[PDB]
Amino acid sequence: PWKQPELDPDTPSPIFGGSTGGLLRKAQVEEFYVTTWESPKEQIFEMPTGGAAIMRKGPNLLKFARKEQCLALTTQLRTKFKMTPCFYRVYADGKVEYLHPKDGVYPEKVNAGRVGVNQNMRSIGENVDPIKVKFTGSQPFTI
Amino acid sequence: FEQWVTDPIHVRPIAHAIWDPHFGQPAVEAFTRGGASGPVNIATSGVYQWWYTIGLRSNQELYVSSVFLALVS
Amino acid sequence: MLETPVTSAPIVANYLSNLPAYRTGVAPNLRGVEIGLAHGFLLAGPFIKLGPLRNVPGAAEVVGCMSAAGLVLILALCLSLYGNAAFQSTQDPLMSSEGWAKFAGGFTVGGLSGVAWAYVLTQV
Amino acid sequence: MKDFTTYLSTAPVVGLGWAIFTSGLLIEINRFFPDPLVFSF
Amino acid sequence: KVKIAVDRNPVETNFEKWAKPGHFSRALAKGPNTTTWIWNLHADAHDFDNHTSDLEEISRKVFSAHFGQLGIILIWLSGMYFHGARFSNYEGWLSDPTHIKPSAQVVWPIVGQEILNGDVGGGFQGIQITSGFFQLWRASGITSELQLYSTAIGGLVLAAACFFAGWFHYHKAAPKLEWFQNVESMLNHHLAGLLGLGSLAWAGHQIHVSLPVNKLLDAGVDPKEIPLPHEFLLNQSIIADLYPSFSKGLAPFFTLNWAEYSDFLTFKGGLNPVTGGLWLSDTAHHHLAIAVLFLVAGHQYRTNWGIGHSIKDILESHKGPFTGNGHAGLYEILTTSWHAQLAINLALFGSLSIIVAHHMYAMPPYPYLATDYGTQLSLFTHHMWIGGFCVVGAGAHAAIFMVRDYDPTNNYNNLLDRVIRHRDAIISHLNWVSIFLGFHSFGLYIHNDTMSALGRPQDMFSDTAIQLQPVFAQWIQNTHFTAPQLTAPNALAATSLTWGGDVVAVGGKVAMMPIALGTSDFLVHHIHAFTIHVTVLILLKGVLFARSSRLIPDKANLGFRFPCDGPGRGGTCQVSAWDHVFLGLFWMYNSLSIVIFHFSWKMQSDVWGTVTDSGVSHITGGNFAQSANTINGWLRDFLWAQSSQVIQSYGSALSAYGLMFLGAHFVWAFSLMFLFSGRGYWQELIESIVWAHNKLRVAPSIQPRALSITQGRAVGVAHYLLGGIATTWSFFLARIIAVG
Amino acid sequence: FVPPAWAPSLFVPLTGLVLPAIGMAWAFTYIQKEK
Amino acid sequence: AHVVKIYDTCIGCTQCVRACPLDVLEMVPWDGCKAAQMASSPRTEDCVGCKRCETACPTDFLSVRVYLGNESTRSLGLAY
Amino acid sequence: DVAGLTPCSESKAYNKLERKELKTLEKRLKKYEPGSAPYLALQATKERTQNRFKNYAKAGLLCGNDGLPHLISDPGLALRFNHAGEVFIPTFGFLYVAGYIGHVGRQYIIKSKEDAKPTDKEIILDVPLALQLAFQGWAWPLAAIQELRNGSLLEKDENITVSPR
Ligand code: CLA
Ligand code: CLA
Ligand code: CLA
Ligand code: CLA
Ligand SMILES: CC1=C(/C=C/C(C)=C/C=C/C(C)=C\C=C\C=C(C)\C=C\C=C(C)\C=C\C2=C(C)CCCC2(C)C)C(C)(C)CCC1
Ligand SMILES: CC1=C(C/C=C(\C)CCC[C@H](C)CCC[C@H](C)CCCC(C)C)C(=O)c2ccccc2C1=O
Ligand code: SF4
């Protein structure tokens, strides 16, 4: 949004037991994703990595090994309770990257502040044949 | 090859000898065919008939042909 | 993350603590020697029992012992291959490259020693 | 009546009717002409 | 609290919705535009959970559908009884059951199929039936065709009554949701009335009707000269002559001197030497004891009178320290989710069908049933396959419940939540167990085949080289052979002849004999355990990963039945729980095929045969001890040594079995094009055919489309199962009829 | 010319055990070769 | 990773972004459509190629196209 | 006597096969009393077999070396040896019936498209219209070649749905 929020590792995790489909060795070798939300009350939700957990009244922090799990939890919280969460990506060296609300308004909106990239300005089916682009390393859809 | 050249009707061609330490003694005895000293495979590729037709008769001719083809390769 | 009574048992914890792989109190050569001794001694077992020469007395134990030695050598070759092809890039010395090479050398030394010990025990 | 007729006008029902009609015609032809092979008037 | 709650006329009986095919769902209510709609019409027909979100309407539809299935079953039973009444030689079979084959289906002479009406004996022509209905009617005291006619008419009347009952209980008087949710009343009425009262009624029929008719039939008198069952019912002189304890006239029952009933309520465990079946007095006391036990069990739950047990209280009370909330939210799950109850019912029904098959080949509970080898083989195979289908449908509907009816709010730390919480460990351990079993069984078979082909019979895992004898099964067999000796002294003999004893034969054919267990039996039993373990692993992975997984975290939002999630993450084809059930269906088929092959070979080699003065000469000469240890033995001594009757059946009454064998091979082969391939190829082929019909202006208004990927998988697995099942059916029946 | 009688006792174990073993060793080092 | 390409036939209906399970697409202002929205892929390195965006496209043919190739840890959907 | 084959009446293997079939039918018949329904059923089967074997003979059918009759498919050769009734006449009859089916289906496809929701008429058939088109298809080749003449049988390549190259 106006200012990118900074994650807090001291935020309380939701009330949950032990997960089996949790973070593997990739969490301590490669990047892992961390989802934060602000629950106004305590309620039971379903994690994508196992059974069910109970979120605490306040900030809530969860860890996952895949971005798809983070976005699945985000859309579950948005559809079920309208929570509007946000997840960061933390690498092995501790670098933190802001992932979901890039402009803080969610990708469903526009905000008139994002530059559209990887947009072909020609119609589909007007691309050149693969014979035209041969021994060049450029795909017909990449021009 | 020479025995098949002498009698192309009765005795069967031999493809290659079998040396398998996993073979048992009845299996070794059962695979001794065509008047061989060990377990052999009956040839079905038909190179015996072809090499008899083109004029090869002796084993030395096959030896020199094989070494010449190895040199060619 | 899911703690269990059998994984977090203190008896299981101290049984896995003093194992040669998880001791972290000795050089990799000694751990390899112990590993090779134990695994060669157990691997000689099925070879002196059900080999192709098991009906022939005397020669069955010898044939099983050389087969166990060959299996130990194959396992040592695969251990050396894993050490060379795993730790070729950047506190436990076992996870290092030359540490794993010394572990493999200890493993094959222990394997042949255990095969000889099993031969002595079967002869006696 | 017309709702039941439109139910009978559905594709599986008329297909079933065609099935019984054709099967009965062929069966009665085979019964009253036992095992013919060549058209000989 | 428990009371009848019924709404009066919620649905009007009008044909206006019969005209519209797609009406139960709003997706199909708009009308058809492509051909995939039509399949969607025949796929979501019974998906009542998707038509409406109201549980009351779903429960009413379930009640009506159950009434319809009972009406269909009663129609089929009445038709079976009618075919036995008119187009059958049951009266001829009653005179000599050991020489006239049971026949109840007669064909019409139309195109040369009259050769299928074989010479079954007794001056009759027809198809030799393997259902065993003749033995069931002989066990029920049925003598004349008039009784079969009356049973058929009563079955038709009860089928019409049940069909009207379904119409009434749906359209006229529809029960409410509170009526269906009274699980305590349902369990009490089912234990006491559905099972116990029926058991007591069948016991009374066996005492008053079946036992005297069976005793007179075993005496050898003419069935026409046998007195009618009502003569036994009313007049007490014949029943006193046949059983002196009937002269007391209900005195020992109400004076607690039940030992006086020992003449016609016996405990002579074993086989009747006259007929090779179970003793009817033993079955009478059995059904009486079962009725007493079920009437006792039916007064367990509290419904309206204070006393009883509460299912919710029992489930909440049984909580341990290692399980957290032990069985906490299961009562709410099983009272709101139809699919959980469907999974439970299907699992228990399939397991009980397997039990029925095993304990029916073991003890033949019918007169002249064990002599008919074909009837026993067909019944065992049929119950085996129905049990397998039911237990795979249990996993299917459990996965459906997991996708649809699971609520995380009611499952926080209960047993289902912990099972989901360690499903990965469950699947990993089951995978390791399955791999180890498959190695140490199939690799043993490959080892035997290799060392046989290498000329090392002493290196094989056979009954002569390496004795891997089933010491536990042999010890259990020896203990159960001594069960009447020391632990059950009131039994006259052993509970079955499989444990040990002597050979019981009827008409020169062996009815039952002790079954020896060797290394081949251990190998095939461990092979069966391995196949069951793999199928369990597949279905459990489908059930537990139906909602989410590491590969797909939002699988619950995709539904239970979806083809894939695209080629992403390397490819997500066949990732749904439906596809897991579709994969496990083949493994169930393979498991049960190996099981029935083991049964057929073992009972043909070591059980069935003829009995001469020298001894018992079996059908295959007991090759199972020396041929079942290798795959080539099954290939040659079981599949090639047999199946010669099927291929040589042409020109005889068994030629329909050969034709059905060829058609089954055809359907099994035709299934592979749906099992393999995909959808885009057939879609473009259909596009080319659309162009062809558009050139001739015969393009249909309904756009033809290729079958869906899920639909294509369903068609492939259905045709594959049908082809394999009919292949085994034709081969088994032809082999067991020609040489049996 | 004619190979000796011990050639099946040497070449067959060489191309059945030793040569595939060294081939798999070279291939395993080539697969996991990193920069 | 995979290549996500969006053409000018998009009507800005935002269905592809809602169908995206990894937050790859976005909506930018545009003038070539009535809704004044255009789909973009600024996070194509996180796309796995599930083709869920192509299912939600209402236009004939496809206004968004996913081309697989050069799979990585993020592109293969691996938690390990 | 074409293709080195003999007529069924002149052949010996044909009579041997008929004798074998009569022998096995009589063997099946001898196990039943004459006053029983299986006896009449087997007698009817034997009579049908004898009638079929008589009708296959004296009808131009010929069999080679096995007694099983053979069919000649080439026109002209079948015309000059009275074998046209084997396949030549039945193939023309099947072509007539198949053209009847195609013309009836084409008429129903065309006649049910100039109305609202033609798929509804496709899925719920207009039974009087279907029967009317059923009884109007007796002159299918005339109407087919007339539609070919006026060009309404075939659609032009401009109004036809076509796949991209
Ligand atoms: C002791 C009383 C009694 C008896 C005998 C039954 C018997 C049956 N119930 Mg039922 N049930 C009962 C009480 C009883 N119920 C109560 C009190 C409740 C409410 C809590 C239910 C709720 C219930 C549900 C929700 C369902 C059943 C179903 C069934 C059938 C199970 C299928 C089967 O085994 O086929 C056995 C079949 C036969 C033996 C054939 C003859 C069946 C006759 C016609 C039934 C006669 C018993 C009947 C209950 C008498 C009262 C009806 C009367 C007004 C005419 C079976 C007919 C299932 C069903 O719908 O099946 C149709 C089902 O899904 N039951
Ligand atoms: C459901 C099973 C069943 C059934 C139907 C019967 C039925 C019968 N048994 Mg059996 N029996 C059974 C189980 C059964 N038993 C079991 C489990 C045992 C244990 C071993 C026995 C042991 C046994 C022995 C040892 C004997 C019988 C006998 C009898 C008969 C005597 C009936 C009697 O006095 O009972 C009591 C019956 C009643 C009180 C009648 C019921 C009340 C009526 C129906 C009221 C009708 C009122 C109505 C509104 C008015 C008429 C309407 C009209 C005007 C339209 C009867 C045919 C005896 C026999 O055959 O001799 C005759 C005999 O010797 N049975
Ligand atoms: C106790 C019995 C029972 C009951 C009440 C249900 C009820 C249900 N099941 Mg379940 N199921 C069962 C047993 C049962 N099933 C078993 C035993 C299996 C394993 C085989 C399955 C496997 C299964 C799957 C995989 C699925 C269901 C689904 C469903 C739902 C809709 C079914 C439907 O619309 O089919 C409509 C009817 C048909 C499609 C016709 C099927 C015909 C088959 C494929 C071929 C028949 C071959 C026949 C025997 C021989 C024909 C030969 C030919 C020459 C004529 C419904 C909740 C579906 C669902 O969405 O659940 C909510 C679903 O996806 N079930
Ligand atoms: C005969 C063919 C065949 C074989 C061997 C396998 C083997 C396997 N499948 Mg199966 N499968 C098959 C057909 C087959 N499948 C078909 C047709 C289907 C379609 C329905 C499936 C569907 C299927 C599913 C759905 C699943 C499996 C699983 C498994 C594994 C179980 C492991 C096990 O218990 O056995 C151990 C393996 C063997 C006994 C292989 C036999 C070969 C010999 C004995 C082993 C040693 C060979 C040799 C000595 C070593 C050579 C070394 C070198 C020269 C190469 C294993 C990899 C399951 C799995 O992943 O694991 C649990 C699983 O979930 N398969
Ligand atoms: C004589 C004969 C023969 C021969 C034949 C021939 C040789 C033929 C040819 C043929 C040809 C060479 C053909 C061609 C064709 C082409 C085309 C191009 C076509 C078209 C068609 C159409 C278009 C159709 C249509 C239709 C339909 C389908 C439906 C409706 C109706 C109609 C008819 C219209 C044989 C020996 C075999 C057998 C015997 C007889
Ligand atoms: C062949 C095939 C198709 C094409 C199959 C189609 C379109 C289904 C065709 C069904 C027909 C129309 C059934 C009726 C057939 C006869 C016309 C009816 C009987 C006629 C006689 C009574 C005369 C798929 O769509 C497919 C999809 C997914 C995986 C595999 C496959 C696959 O293998
Ligand atoms: S789904 Fe298609 S039309 Fe809609 S916003 Fe995305 S690219 Fe544009």
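Below, each value reflects all heavy atoms present in this structure, side chains not excepted, and no hydrogens, waters or symmetry copies. Letters A, B, ... are given to chains in the order of the sequence lines, protein chains preceding strands, and every chain is numbered from 1.
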Check whether G/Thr9 gets within reach of chain A through its side chain, its backbone, both or neither, counting any heavy atom under 4.5 Å. side chain
Does the distance from a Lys or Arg side-chain N to an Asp or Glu carboxylate O, for A/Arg66 and G/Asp46, drop under 4.0 Å? no
Region of G/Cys50 that comes under 4.5 Å of a non-hydrogen atom in chain A: neither
Could you state the interatomic distance from CG (G/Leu22) to NZ (A/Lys67), rounded to the nearest 0.5 Å? 6.5 Å
Mark yes when over 12 heavy atoms from residues, nucleotides or ligands other than G/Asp60 sit less than 6.0 Å from its CG; otherwise mark no. no
To the closest 0.5 Å, what do you measure between CG (A/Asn127) and OH (G/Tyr7)? 4.5 Å
Heavy-atom contact with chain G under 4.5 Å, split by part of A/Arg89: side chain
Which atoms form the tightest heavy-atom contact between A/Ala65 and G/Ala79, and what is the distance? CB-O, 3.6 Å
Of the options G/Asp8, G/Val28, G/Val64, which is the one that meets A/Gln119 in a side chain to side chain contact (heavy atoms under 4.5 Å, CB included)? G/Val28
What part of G/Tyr80 lies closer than 4.5 angstrom to a heavy atom of chain A: side chain, backbone, both or neither? both
Please classify the contact of A/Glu30 with chain G as side chain, backbone, both or neither, using a heavy-atom distance under 4.5 Å. side chain
What I'd like to find out is whether the side chain of A/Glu108 reaches to under 4.5 Å of the side chain of G/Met27, using heavy atoms alone. no
Using heavy-atom distances under 4.5 Å, tell me whether A/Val29 contacts chain G through its side chain, its backbone, both, or neither. neither
Which value, rounded to the nearest 0.5 Å, describes the distance between A/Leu99 atom CG and G/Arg43 atom CZ? 8.5 Å
Counting only heavy atoms closer than 4.5 Å, note whether A/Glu31 contacts chain G via side chain, backbone, both or neither. side chain
Non-hydrogen side-chain atoms of A/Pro107 and G/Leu25 separated by less than 4.5 Å: no
Pairs of heavy atoms under 4.5 Å with chain G: top-ranked of A/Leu71, A/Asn118, A/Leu24: A/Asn118
Could you have a look at A/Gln139, A/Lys109, A/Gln69, A/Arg25 and say which one has the most heavy-atom pairs with chain G under 4.5 angstrom? A/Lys109
Could you have a look at G/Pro29, G/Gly77, G/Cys20 and say which one has the most heavy-atom pairs with chain A under 4.5 angstrom? G/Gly77
I'd like to verify something: which residue of G/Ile6, G/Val4, G/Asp23 has the highest number of heavy-atom pairs under 4.5 Å with chain A? G/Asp23
Do you know which of G/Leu62, G/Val48, G/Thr44 has the most heavy-atom pairs with chain A at a distance under 4.5 angstrom? G/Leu62
Please tell me if the side chains of A/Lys26 and G/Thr73 come closer than 4.5 Å, counting only heavy atoms from C-beta onward. yes
Assert top hit (heavy-atom pairs under 4.5 Å, partner chain A, pool G/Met38, G/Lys5, G/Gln37) equals G/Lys5
Tell me whether the count of non-hydrogen atoms from other residues, nucleotides or ligands lying under 6.0 Å of NZ in A/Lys80 goes above 12. yes
Heavy-atom closest contact (A/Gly116 atom, G/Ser40 atom, distance): CA-CB, 3.7 Å
